[PDB]
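Please read the structure below before turning to the comments.
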Amino acid sequence: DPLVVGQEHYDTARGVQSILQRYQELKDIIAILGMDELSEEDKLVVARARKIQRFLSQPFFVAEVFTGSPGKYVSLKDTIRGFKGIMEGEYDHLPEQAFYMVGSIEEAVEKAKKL
Amino acid sequence: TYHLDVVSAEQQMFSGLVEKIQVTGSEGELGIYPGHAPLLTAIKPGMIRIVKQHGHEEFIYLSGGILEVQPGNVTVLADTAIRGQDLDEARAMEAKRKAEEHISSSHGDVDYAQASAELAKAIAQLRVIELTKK
Amino acid sequence: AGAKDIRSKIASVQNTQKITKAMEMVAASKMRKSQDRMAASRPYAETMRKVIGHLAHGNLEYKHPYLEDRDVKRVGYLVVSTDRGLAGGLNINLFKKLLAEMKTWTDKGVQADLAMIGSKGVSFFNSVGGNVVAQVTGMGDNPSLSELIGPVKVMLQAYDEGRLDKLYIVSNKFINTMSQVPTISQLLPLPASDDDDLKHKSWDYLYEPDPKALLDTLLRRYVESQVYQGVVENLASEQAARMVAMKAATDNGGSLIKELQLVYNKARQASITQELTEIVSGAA
């Protein structure tokens, strides 16, 4: 609640929910028709929702055995900055696989450099 | 020898090597030959005769066109073309019958010029079936 | 879940798959007609562009505005599009490729004037913000040169009044029955890039009376013939893209049917075991 958690956090969390819900609605249209018959705004939300789903992932220190990736601890200010940045499309120029299994947003840009 | 191409938007009408040809024009037909000057040329209703290597002939009626001649490879960009066996003397009589109807049909001078051109076209079809008999 | 609502969705997805198969029938037959029309248009337009290619290079040169390589202040595009959906991304890929070239001119400060031959292009470029200077829509299953002339007549007037300096047509090529590609083609300013007519350099071209009127007429016909072939080829490309899209939609509909049926069967089995368990418990 914004009275306890703040407005910037509250607004970020609702923004994420609104996008990922709309993506769920688009998935049934895409399943029969594919993405080509979507509106161009709908293609924009599909791209951001896929990037958001990838960015929710994180590499735990306790999971270092199953995978090999070093673990990461992310602060709240970093994560709200990352999702706020994706939601307003600052990072629209980066590929999706850049967001997979990274910590803070910065790291994703570096990953994007090496693809 | 040299090659000639003949086309219209609806079809390629002819293409191939020609020892010679004879072609309608503006101030009447002309003969054309390998050595002929590179004369870019307008066309009024008439025919073209297609004499291929070793002297073998075809006989094409044209509604109209343009005969560009930069090269020895020449082209006629015809507005509409029918050959003297793709038409027949009864089809040329049907063209003449349409011309006689068009002459009857209206008073307007440009209409009358269209009807007169349709007559010239119909007689050119008859003439091409005569050339086809020759 | 829910047995009746799932069985209703299964019925609807079944009938939709059956329709997409029939649409794939209409799309293939129209492809047959469209490609044989193209095959007829190809010889005339190909030889007309050859003819002008010979006029490009060879002496006794008259001087004419479509012939010289003047400087570029603004650029014209003739854009063909569909008016329909269900053609996959054919229009999107063409529009993106144009947008890339128009961006490259906008980097140079060279403006773009756009003439649209289809409704999808009008909608996209008006809502994106390209300067649509001409537009015709809904040409029909058999397109005819006559209707297409007006937009071209406008683009011609923009060139010959001197405003418009370079002109292109953008269209999809029917490379194969199942492969096509979007292309931007240089159109009216006759590219001197083309081969010199050194192969028959004996000839310096000569004229019947008034080379200006004759040559003007001939170039008018050249530009038009190029636009008509580019449209007929884009319609053949459209029918191929629609048949591929409908085939994909048929396979995806079958894929849903095979999974909804598993949800339904699991639900009927659970319903059958929740009851009976409750009738034996009640019988006590």
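Every chain in the structure tokens has a letter given in the order shown (A, B, ...), and although residue numbers restart at 1 in each chain, ligands are simply numbered from 1 in the order shown.
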*Could the residues of chain C within 12 Å of chain A, counting only C-alpha atoms, be given as an NGL selection string, please?*
:C and (13-14 or 16-17 or 20 or 84-93 or 123-124 or 127-128 or 241-242 or 244-257)
Please save C-alpha atoms of the selected residues as a PDB file, in the first residue's frame.
```pdb
ATOM      1  CA  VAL C  13     -11.819 -23.914 -32.501  1.00  0.00           C
ATOM      2  CA  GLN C  14     -12.735 -26.923 -34.652  1.00  0.00           C
ATOM      3  CA  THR C  16     -12.256 -22.072 -37.129  1.00  0.00           C
ATOM      4  CA  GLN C  17      -9.596 -24.577 -38.219  1.00  0.00           C
ATOM      5  CA  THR C  20      -8.680 -21.402 -42.251  1.00  0.00           C
ATOM      6  CA  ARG C  84      -6.746  -6.710 -46.176  1.00  0.00           C
ATOM      7  CA  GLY C  85      -5.467  -8.632 -43.195  1.00  0.00           C
ATOM      8  CA  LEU C  86      -4.253 -12.194 -42.838  1.00  0.00           C
ATOM      9  CA  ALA C  87      -1.288 -11.680 -45.170  1.00  0.00           C
ATOM     10  CA  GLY C  88       1.271 -12.097 -42.372  1.00  0.00           C
ATOM     11  CA  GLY C  89       3.977  -9.434 -42.169  1.00  0.00           C
ATOM     12  CA  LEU C  90       4.365  -8.594 -45.849  1.00  0.00           C
ATOM     13  CA  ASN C  91       3.238  -5.013 -45.425  1.00  0.00           C
ATOM     14  CA  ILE C  92       5.075  -4.543 -42.136  1.00  0.00           C
ATOM     15  CA  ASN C  93       8.396  -5.645 -43.610  1.00  0.00           C
ATOM     16  CA  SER C 123      -3.406   3.899 -42.355  1.00  0.00           C
ATOM     17  CA  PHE C 124       0.174   3.210 -41.341  1.00  0.00           C
ATOM     18  CA  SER C 127      -0.769   7.419 -38.262  1.00  0.00           C
ATOM     19  CA  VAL C 128       3.033   7.266 -38.231  1.00  0.00           C
ATOM     20  CA  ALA C 241       1.771 -14.805 -47.925  1.00  0.00           C
ATOM     21  CA  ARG C 242      -1.911 -15.365 -47.163  1.00  0.00           C
ATOM     22  CA  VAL C 244       1.324 -19.496 -45.730  1.00  0.00           C
ATOM     23  CA  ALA C 245      -0.431 -17.653 -42.878  1.00  0.00           C
ATOM     24  CA  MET C 246      -3.607 -19.733 -43.191  1.00  0.00           C
ATOM     25  CA  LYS C 247      -1.557 -22.940 -43.178  1.00  0.00           C
ATOM     26  CA  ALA C 248       0.080 -21.846 -39.925  1.00  0.00           C
ATOM     27  CA  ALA C 249      -3.321 -20.935 -38.419  1.00  0.00           C
ATOM     28  CA  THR C 250      -4.658 -24.408 -39.354  1.00  0.00           C
ATOM     29  CA  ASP C 251      -1.797 -26.214 -37.588  1.00  0.00           C
ATOM     30  CA  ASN C 252      -2.086 -23.987 -34.490  1.00  0.00           C
ATOM     31  CA  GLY C 253      -5.833 -24.638 -34.336  1.00  0.00           C
ATOM     32  CA  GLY C 254      -5.194 -28.379 -34.407  1.00  0.00           C
ATOM     33  CA  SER C 255      -2.595 -27.903 -31.672  1.00  0.00           C
ATOM     34  CA  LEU C 256      -5.202 -26.216 -29.439  1.00  0.00           C
ATOM     35  CA  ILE C 257      -7.827 -28.884 -30.185  1.00  0.00           C
TER      36      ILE C 257
END
```
_What are the residues of chain C lining chain B at 9 Å or less? Count only C-alpha atoms, and put the answer as a PyMOL selection string._
chain C and resi 37+39-45+47-48+51+54-55+58+197+200-209+211+214-215+218+225
With N, CA and C atoms kept, could you save the residues just selected as a PDB file, in the first residue's frame?
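The file below, part01.pdb, is the result:
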```pdb
ATOM      1  N   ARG C  37      -1.193 -13.794 -64.715  1.00  0.00           N
ATOM      2  CA  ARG C  37      -1.273 -12.401 -65.143  1.00  0.00           C
ATOM      3  C   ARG C  37       0.111 -11.760 -65.107  1.00  0.00           C
ATOM      4  N   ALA C  39       2.966 -13.247 -65.366  1.00  0.00           N
ATOM      5  CA  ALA C  39       3.806 -13.850 -66.389  1.00  0.00           C
ATOM      6  C   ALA C  39       3.528 -13.211 -67.740  1.00  0.00           C
ATOM      7  N   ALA C  40       2.302 -12.738 -67.936  1.00  0.00           N
ATOM      8  CA  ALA C  40       1.961 -12.032 -69.171  1.00  0.00           C
ATOM      9  C   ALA C  40       2.513 -10.604 -69.212  1.00  0.00           C
ATOM     10  N   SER C  41       2.395  -9.875 -68.115  1.00  0.00           N
ATOM     11  CA  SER C  41       2.906  -8.500 -67.989  1.00  0.00           C
ATOM     12  C   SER C  41       4.431  -8.399 -68.064  1.00  0.00           C
ATOM     13  N   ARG C  42       5.148  -9.364 -67.508  1.00  0.00           N
ATOM     14  CA  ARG C  42       6.615  -9.409 -67.488  1.00  0.00           C
ATOM     15  C   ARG C  42       7.337  -9.178 -68.823  1.00  0.00           C
ATOM     16  N   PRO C  43       7.068  -9.892 -69.914  1.00  0.00           N
ATOM     17  CA  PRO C  43       7.768  -9.575 -71.178  1.00  0.00           C
ATOM     18  C   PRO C  43       7.659  -8.135 -71.675  1.00  0.00           C
ATOM     19  N   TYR C  44       6.463  -7.555 -71.712  1.00  0.00           N
ATOM     20  CA  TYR C  44       6.276  -6.183 -72.193  1.00  0.00           C
ATOM     21  C   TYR C  44       7.019  -5.153 -71.343  1.00  0.00           C
ATOM     22  N   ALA C  45       6.903  -5.241 -70.034  1.00  0.00           N
ATOM     23  CA  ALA C  45       7.537  -4.261 -69.149  1.00  0.00           C
ATOM     24  C   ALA C  45       9.054  -4.442 -69.113  1.00  0.00           C
ATOM     25  N   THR C  47      10.920  -5.631 -71.595  1.00  0.00           N
ATOM     26  CA  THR C  47      11.511  -5.120 -72.824  1.00  0.00           C
ATOM     27  C   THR C  47      11.398  -3.597 -72.911  1.00  0.00           C
ATOM     28  N   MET C  48      10.356  -2.998 -72.351  1.00  0.00           N
ATOM     29  CA  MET C  48      10.264  -1.542 -72.371  1.00  0.00           C
ATOM     30  C   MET C  48      11.386  -0.915 -71.550  1.00  0.00           C
ATOM     31  N   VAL C  51      14.542  -1.151 -73.632  1.00  0.00           N
ATOM     32  CA  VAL C  51      14.492  -0.080 -74.632  1.00  0.00           C
ATOM     33  C   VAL C  51      15.017   1.225 -74.046  1.00  0.00           C
ATOM     34  N   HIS C  54      18.684   1.198 -73.519  1.00  0.00           N
ATOM     35  CA  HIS C  54      19.440   1.536 -74.733  1.00  0.00           C
ATOM     36  C   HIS C  54      19.476   3.037 -74.984  1.00  0.00           C
ATOM     37  N   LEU C  55      18.371   3.712 -74.738  1.00  0.00           N
ATOM     38  CA  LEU C  55      18.324   5.175 -74.821  1.00  0.00           C
ATOM     39  C   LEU C  55      19.162   5.882 -73.768  1.00  0.00           C
ATOM     40  N   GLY C  58      24.502   6.296 -75.564  1.00  0.00           N
ATOM     41  CA  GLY C  58      24.495   6.334 -77.015  1.00  0.00           C
ATOM     42  C   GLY C  58      24.245   7.790 -77.371  1.00  0.00           C
ATOM     43  N   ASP C 197      25.512   1.163 -73.657  1.00  0.00           N
ATOM     44  CA  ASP C 197      25.211   0.374 -74.841  1.00  0.00           C
ATOM     45  C   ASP C 197      26.437   0.339 -75.748  1.00  0.00           C
ATOM     46  N   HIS C 200      26.389  -2.190 -79.078  1.00  0.00           N
ATOM     47  CA  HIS C 200      25.881  -1.811 -80.399  1.00  0.00           C
ATOM     48  C   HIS C 200      26.186  -0.342 -80.698  1.00  0.00           C
ATOM     49  N   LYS C 201      27.366   0.115 -80.273  1.00  0.00           N
ATOM     50  CA  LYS C 201      27.790   1.515 -80.306  1.00  0.00           C
ATOM     51  C   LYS C 201      27.909   2.113 -81.709  1.00  0.00           C
ATOM     52  N   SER C 202      27.659   1.309 -82.743  1.00  0.00           N
ATOM     53  CA  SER C 202      27.381   1.831 -84.079  1.00  0.00           C
ATOM     54  C   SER C 202      26.224   2.826 -84.148  1.00  0.00           C
ATOM     55  N   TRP C 203      25.240   2.721 -83.278  1.00  0.00           N
ATOM     56  CA  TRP C 203      24.031   3.522 -83.399  1.00  0.00           C
ATOM     57  C   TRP C 203      24.005   4.757 -82.498  1.00  0.00           C
ATOM     58  N   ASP C 204      23.785   5.919 -83.120  1.00  0.00           N
ATOM     59  CA  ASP C 204      23.440   7.149 -82.416  1.00  0.00           C
ATOM     60  C   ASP C 204      21.990   7.444 -82.765  1.00  0.00           C
ATOM     61  N   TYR C 205      21.131   7.429 -81.750  1.00  0.00           N
ATOM     62  CA  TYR C 205      19.693   7.366 -81.982  1.00  0.00           C
ATOM     63  C   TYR C 205      19.116   8.650 -82.585  1.00  0.00           C
ATOM     64  N   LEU C 206      18.190   8.427 -83.515  1.00  0.00           N
ATOM     65  CA  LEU C 206      17.616   9.405 -84.421  1.00  0.00           C
ATOM     66  C   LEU C 206      16.097   9.277 -84.407  1.00  0.00           C
ATOM     67  N   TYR C 207      15.412  10.323 -84.871  1.00  0.00           N
ATOM     68  CA  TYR C 207      14.045  10.606 -84.466  1.00  0.00           C
ATOM     69  C   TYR C 207      13.166  10.933 -85.655  1.00  0.00           C
ATOM     70  N   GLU C 208      11.955  10.414 -85.592  1.00  0.00           N
ATOM     71  CA  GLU C 208      10.773  10.965 -86.239  1.00  0.00           C
ATOM     72  C   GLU C 208      10.422  12.352 -85.706  1.00  0.00           C
ATOM     73  N   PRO C 209       9.563  13.101 -86.398  1.00  0.00           N
ATOM     74  CA  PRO C 209       9.341  14.504 -86.036  1.00  0.00           C
ATOM     75  C   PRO C 209       8.899  14.719 -84.601  1.00  0.00           C
ATOM     76  N   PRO C 211      11.074  14.923 -81.510  1.00  0.00           N
ATOM     77  CA  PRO C 211      11.588  14.017 -80.488  1.00  0.00           C
ATOM     78  C   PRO C 211      11.077  14.332 -79.088  1.00  0.00           C
ATOM     79  N   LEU C 214       7.409  12.725 -78.784  1.00  0.00           N
ATOM     80  CA  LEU C 214       7.534  11.277 -78.911  1.00  0.00           C
ATOM     81  C   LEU C 214       8.208  10.688 -77.680  1.00  0.00           C
ATOM     82  N   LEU C 215       9.338  11.251 -77.297  1.00  0.00           N
ATOM     83  CA  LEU C 215      10.100  10.767 -76.160  1.00  0.00           C
ATOM     84  C   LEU C 215       9.341  10.969 -74.852  1.00  0.00           C
ATOM     85  N   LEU C 218       6.765   8.209 -74.724  1.00  0.00           N
ATOM     86  CA  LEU C 218       7.428   6.942 -74.451  1.00  0.00           C
ATOM     87  C   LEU C 218       7.855   6.807 -72.987  1.00  0.00           C
ATOM     88  N   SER C 225       4.289   1.425 -67.100  1.00  0.00           N
ATOM     89  CA  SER C 225       4.483  -0.011 -67.239  1.00  0.00           C
ATOM     90  C   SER C 225       5.235  -0.601 -66.053  1.00  0.00           C
TER      91      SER C 225
END
```
*Find the residues around residue 54 of chain A up to 10 Å (only C-alpha atoms counted), leave out those fewer than 6 positions away in its own chain, and share them as a list in words.*
residues 48, 96, 97, 98, 99, 100, 101 and 102 of chain A
*Among segment 95-163 of chain C, which residues carry a DSSP assignment of alpha helix (DSSP H), reported as an MDAnalysis selection string?*
chainID C and resid 95:107 119:128 145:160
Let's have the selection written as a short mmCIF file (atom, residue, chain, number, x, y, z; two decimals), in the first residue's frame, with N, CA, C and O atoms.
```
data_model
loop_
_atom_site.label_atom_id
_atom_site.label_comp_id
_atom_site.auth_asym_id
_atom_site.auth_seq_id
_atom_site.Cartn_x
_atom_site.Cartn_y
_atom_site.Cartn_z
N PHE C 95 7.03 -1.75 -45.15
CA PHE C 95 6.96 -0.43 -44.53
C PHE C 95 8.18 -0.12 -43.67
O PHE C 95 8.69 1.00 -43.69
N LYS C 96 8.69 -1.10 -42.95
CA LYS C 96 9.94 -0.92 -42.22
C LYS C 96 11.13 -0.63 -43.12
O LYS C 96 11.96 0.23 -42.81
N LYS C 97 11.24 -1.33 -44.25
CA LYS C 97 12.37 -1.10 -45.14
C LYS C 97 12.33 0.30 -45.75
O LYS C 97 13.35 1.01 -45.81
N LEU C 98 11.14 0.73 -46.16
CA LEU C 98 10.96 2.12 -46.56
C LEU C 98 11.30 3.09 -45.44
O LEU C 98 11.89 4.15 -45.69
N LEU C 99 10.83 2.83 -44.23
CA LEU C 99 11.11 3.73 -43.12
C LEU C 99 12.60 3.88 -42.85
O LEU C 99 13.08 4.98 -42.56
N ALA C 100 13.36 2.80 -43.03
CA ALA C 100 14.82 2.88 -42.97
C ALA C 100 15.43 3.78 -44.05
O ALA C 100 16.26 4.65 -43.76
N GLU C 101 14.99 3.64 -45.30
CA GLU C 101 15.53 4.55 -46.32
C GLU C 101 15.11 6.00 -46.11
O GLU C 101 15.92 6.92 -46.27
N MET C 102 13.84 6.22 -45.79
CA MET C 102 13.35 7.57 -45.50
C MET C 102 14.07 8.20 -44.30
O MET C 102 14.34 9.40 -44.30
N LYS C 103 14.42 7.40 -43.30
CA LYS C 103 15.28 7.87 -42.22
C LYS C 103 16.66 8.29 -42.71
O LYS C 103 17.20 9.30 -42.27
N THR C 104 17.24 7.51 -43.61
CA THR C 104 18.54 7.85 -44.18
C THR C 104 18.53 9.17 -44.97
O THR C 104 19.45 9.98 -44.83
N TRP C 105 17.49 9.41 -45.75
CA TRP C 105 17.29 10.75 -46.33
C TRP C 105 17.01 11.84 -45.30
O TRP C 105 17.48 12.97 -45.45
N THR C 106 16.25 11.54 -44.25
CA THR C 106 15.96 12.55 -43.23
C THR C 106 17.21 12.91 -42.43
O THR C 106 17.33 14.04 -41.93
N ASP C 107 18.17 11.99 -42.34
CA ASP C 107 19.50 12.31 -41.84
C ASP C 107 20.21 13.31 -42.74
O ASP C 107 20.89 14.22 -42.26
N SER C 119 -4.75 0.61 -48.75
CA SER C 119 -5.30 1.12 -47.50
C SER C 119 -4.40 0.89 -46.29
O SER C 119 -4.30 1.76 -45.41
N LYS C 120 -3.73 -0.25 -46.22
CA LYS C 120 -2.79 -0.49 -45.12
C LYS C 120 -1.68 0.55 -45.08
O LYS C 120 -1.33 1.05 -44.01
N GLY C 121 -1.18 0.94 -46.25
CA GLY C 121 -0.19 2.00 -46.31
C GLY C 121 -0.72 3.35 -45.89
O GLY C 121 -0.06 4.09 -45.15
N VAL C 122 -1.93 3.71 -46.33
CA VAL C 122 -2.55 4.96 -45.90
C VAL C 122 -2.68 5.01 -44.39
O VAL C 122 -2.25 5.97 -43.75
N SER C 123 -3.21 3.95 -43.80
CA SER C 123 -3.41 3.90 -42.36
C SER C 123 -2.09 3.99 -41.61
O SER C 123 -1.92 4.84 -40.71
N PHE C 124 -1.10 3.21 -42.03
CA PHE C 124 0.17 3.21 -41.34
C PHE C 124 0.89 4.54 -41.49
O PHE C 124 1.38 5.09 -40.50
N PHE C 125 1.02 5.06 -42.69
CA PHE C 125 1.83 6.26 -42.83
C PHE C 125 1.14 7.52 -42.35
O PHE C 125 1.81 8.41 -41.80
N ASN C 126 -0.19 7.63 -42.48
CA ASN C 126 -0.90 8.73 -41.83
C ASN C 126 -0.73 8.68 -40.32
O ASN C 126 -0.49 9.71 -39.69
N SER C 127 -0.83 7.49 -39.72
CA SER C 127 -0.77 7.42 -38.26
C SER C 127 0.66 7.48 -37.74
O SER C 127 0.89 7.94 -36.63
N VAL C 128 1.63 7.04 -38.54
CA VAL C 128 3.03 7.27 -38.23
C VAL C 128 3.43 8.70 -38.55
O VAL C 128 4.14 9.34 -37.77
N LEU C 145 -4.49 -0.79 -64.72
CA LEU C 145 -3.64 0.38 -64.84
C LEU C 145 -4.41 1.69 -64.77
O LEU C 145 -3.93 2.67 -64.20
N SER C 146 -5.63 1.70 -65.30
CA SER C 146 -6.36 2.95 -65.49
C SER C 146 -6.58 3.68 -64.17
O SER C 146 -6.32 4.89 -64.07
N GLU C 147 -7.03 2.97 -63.14
CA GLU C 147 -7.21 3.58 -61.82
C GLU C 147 -5.90 4.01 -61.17
O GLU C 147 -5.84 5.07 -60.53
N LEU C 148 -4.85 3.22 -61.33
CA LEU C 148 -3.54 3.55 -60.78
C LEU C 148 -2.86 4.76 -61.41
O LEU C 148 -1.91 5.28 -60.83
N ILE C 149 -3.33 5.24 -62.56
CA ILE C 149 -2.63 6.32 -63.25
C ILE C 149 -2.69 7.64 -62.48
O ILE C 149 -1.70 8.38 -62.44
N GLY C 150 -3.80 7.93 -61.81
CA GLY C 150 -3.97 9.22 -61.17
C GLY C 150 -2.93 9.58 -60.13
O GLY C 150 -2.35 10.67 -60.16
N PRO C 151 -2.66 8.67 -59.20
CA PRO C 151 -1.56 8.90 -58.24
C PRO C 151 -0.23 9.10 -58.92
O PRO C 151 0.58 9.96 -58.53
N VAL C 152 0.01 8.34 -59.98
CA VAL C 152 1.23 8.47 -60.76
C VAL C 152 1.25 9.79 -61.49
O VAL C 152 2.29 10.45 -61.59
N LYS C 153 0.12 10.18 -62.05
CA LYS C 153 -0.01 11.49 -62.69
C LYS C 153 0.28 12.64 -61.72
O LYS C 153 0.97 13.60 -62.09
N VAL C 154 -0.13 12.52 -60.46
CA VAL C 154 0.28 13.45 -59.40
C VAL C 154 1.78 13.42 -59.12
O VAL C 154 2.42 14.47 -59.01
N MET C 155 2.38 12.24 -59.01
CA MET C 155 3.82 12.16 -58.76
C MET C 155 4.64 12.68 -59.94
O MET C 155 5.66 13.36 -59.76
N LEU C 156 4.18 12.39 -61.15
CA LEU C 156 4.74 12.96 -62.37
C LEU C 156 4.66 14.48 -62.38
O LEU C 156 5.64 15.15 -62.73
N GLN C 157 3.51 15.04 -62.03
CA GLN C 157 3.40 16.49 -61.95
C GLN C 157 4.33 17.09 -60.91
O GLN C 157 4.97 18.12 -61.15
N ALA C 158 4.45 16.45 -59.76
CA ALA C 158 5.42 16.88 -58.76
C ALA C 158 6.87 16.83 -59.25
O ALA C 158 7.68 17.67 -58.87
N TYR C 159 7.21 15.86 -60.10
CA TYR C 159 8.56 15.85 -60.66
C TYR C 159 8.74 16.90 -61.75
O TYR C 159 9.74 17.62 -61.76
N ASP C 160 7.78 17.01 -62.66
CA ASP C 160 7.93 17.83 -63.85
C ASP C 160 7.70 19.31 -63.58
O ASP C 160 8.19 20.15 -64.33
#
```
*List every residue of chain B that DSSP, applied to the backbone of this structure, assigns to strand (DSSP E), and report them as a PyMOL selection string.*
chain B and resi 2-8+11-23+30-32+39-43+46-52+56-67+74-77+80-83
*Name the residues in contact with segment 76-88 of chain A at a cut-off of 6 Å, using only C-alpha atoms, excluding same-chain residues fewer than 2 positions from it; report them as a ChimeraX atom specification.*
/A:90-91,105
*atom CA of residue 61 of chain B to atom CA of residue 230 of chain C, distance in Å rounded to a single decimal*: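 That distance, rounded to one decimal, is 28.8 Å.
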